[PDB]
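In: Just the first chains of my complex for now:
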Amino acid sequence: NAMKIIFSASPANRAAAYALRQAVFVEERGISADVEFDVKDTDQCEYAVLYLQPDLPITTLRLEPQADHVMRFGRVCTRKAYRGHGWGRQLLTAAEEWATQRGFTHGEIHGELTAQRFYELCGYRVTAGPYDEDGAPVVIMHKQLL
């Protein structure tokens, strides 16, 4: 049993991603479900999921391609018992490589202000903000992918 990472729009992988987001954003943190789950969540949307076992997804992000070869990584979260062990960082490092393989040259993050330093260690920089949306501070960050 090795740790595994999956990029795809399948029913099963899609389910894993929704289950993580429902537990963390909606239930644990009290965000409205019609805010968390949005018009971009279709059958065609691809998600990145990291599994310790086949029945145990632990961290996830949503792939959101933009114009001009910019990839945005969104809906980022980690199962509570597994936070603080570098799994999110491992997932992101793999998602960057997946994106460059498909011709994107820049990563893009709309992160919570409190996560600024984390993303700076991964090589992102603020290009706009802080501002405010849905009630709390956000910063726009970019990184050149190589």
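Out: Received it, and whenever you're ready, just let me know what you need. Numbering: from 1, shown residues only, chains lettered A, B, ... in the order given.
In: so who does residue A:131 touch?
Out: Contacts for residue A:131 (Cβ atoms under 8 Å, 6 or more residues apart in numbering) come out as A:137, A:138, A:139. Where you see a C-beta, it was placed from the backbone N, CA and C, and this is true even at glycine.
In: At which residues are the helices of chain A located?
Out: For chain A, applying DSSP state H gives helices covering A:11-21, A:33-36, A:87-101, A:116-121.
In: who wins for proximity to residue A:60 among those helices?
Out: helix A:11-21 (4.7 Å; Cβ to Cβ).
In: What lies in contact with that closest one?
Out: For helix A:11-21, contacts defined as Cβ under 8 Å, 6+ apart pick out A:6, A:36-37, A:41, A:43, A:45, A:47, A:49, A:51, A:57-60, A:62, A:75, A:77-79.
In: one more time with 7 Å
Out: Contact with helix A:11-21 is made by A:6, A:36, A:47, A:49, A:57, A:60, A:75, A:77, A:79, as judged by Cβ atoms under 7 Å, 6 or more residues apart in numbering.
In: In CSV, list the residues you listed along with neighbour count and distance to residue A:30.
Out: Below are those laid out as CSV (neighbours: other Cβ atoms under 10 Å; distance: Cβ to Cβ, whole Å):
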residue, neighbour count, distance to residue A:30
A:6, 17, 29
A:36, 16, 10
A:47, 24, 23
A:49, 23, 24
A:57, 22, 22
A:60, 25, 19
A:75, 23, 16
A:77, 19, 14
A:79, 18, 18
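In: Residue A:125 and residue A:119, how far apart?
Out: 9 Å (Cβ to Cβ, to the nearest Å).
In: Please enumerate the shared neighbours of the two.
Out: Residues touching both residue A:125 and residue A:119 (Cβ under 7 Å, 6+ apart): residue A:141.
In: also put chain B on there:
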Amino acid sequence: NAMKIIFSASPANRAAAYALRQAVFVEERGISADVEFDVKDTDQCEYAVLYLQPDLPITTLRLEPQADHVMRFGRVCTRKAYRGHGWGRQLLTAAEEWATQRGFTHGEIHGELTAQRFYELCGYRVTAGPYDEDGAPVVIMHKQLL
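Out: Same chains as before, plus chain B:
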């Protein structure tokens, strides 16, 4: 007497730019002067000014270079009696050409929500927002320069 456009950090051109901004942002629209005039306003900062005559500046913008060959155009305004005749648009078209000559490949605007369509006609697109800062809605816009 031809219309003239000037790009520079000289006392005289700098003065023209401050006079326009003081009249429009501070006096006409009631923004705090320590908000309008900021830490970027040094002797080394370059401004773009359009003159009908040598004693008559009518529209202006501030040159704000960013990392990675992105030029931001800021502190944009036009003398009241001369609004709505395309002068701002003429200035911007000239500032884009000035920037490409110096190796910048992208224009960047942080505009008021109400100006979205104007900038779209000039070839910009929203890449982030709307949000809110200093009390009112802003959108982040980009354009490829050619």
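In: Repeat for the contacts of residue A:131, accounting for chain B.
Out: For residue A:131, the contacting residues are A:138, B:131, B:132, B:133, by Cβ atoms under 7 Å, 6 or more residues apart in numbering or on different chains.
In: and with 10 Å instead?
Out: Shown in contact with residue A:131 (Cβ atoms under 10 Å, 6 or more residues apart in numbering or on different chains): A:110, A:113, A:137-140, B:128-133, B:138, B:140.
In: From these, list the buried ones, please.
Out: A:110, A:138, A:139, A:140, B:128, B:129, B:131, B:138, B:140 (16 or more other Cβ atoms under 10 Å in any protein chain shown).
In: With distance to residue A:23 as added columns, please give these in CSV.
Out: Listed next are the buried ones among the contacts of residue A:131 as CSV, based on distance: Cβ to Cβ, whole Å:
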residue, distance to residue A:23
A:110, 21
A:138, 22
A:139, 25
A:140, 27
B:128, 28
B:129, 29
B:131, 28
B:138, 34
B:140, 32
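In: Can you pick out the ones from those residues that are in strands?
Out: A:110, A:138, A:139, A:140, B:128, B:138, B:140 (DSSP state E).
In: got the contacts of residue A:131 as CSV, with distance to residue A:31 columns?
Out: Putting the contacts of residue A:131 into CSV (distance: Cβ to Cβ, whole Å) gives the following:
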residue, distance to residue A:31
A:110, 15
A:113, 17
A:137, 15
A:138, 14
A:139, 19
A:140, 20
B:128, 20
B:129, 20
B:130, 20
B:131, 18
B:132, 19
B:133, 23
B:138, 24
B:140, 24
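In: could I get the ones in strands among the buried ones among the contacts of residue A:131 as JSON lines with distance to residue A:96?
Out: Listed next are those as JSON lines, based on distance: Cβ to Cβ, whole Å:
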{"residue": "A:110", "distance to residue A:96": "16"}
{"residue": "A:138", "distance to residue A:96": "21"}
{"residue": "A:139", "distance to residue A:96": "19"}
{"residue": "A:140", "distance to residue A:96": "18"}
{"residue": "B:128", "distance to residue A:96": "20"}
{"residue": "B:138", "distance to residue A:96": "29"}
{"residue": "B:140", "distance to residue A:96": "23"}
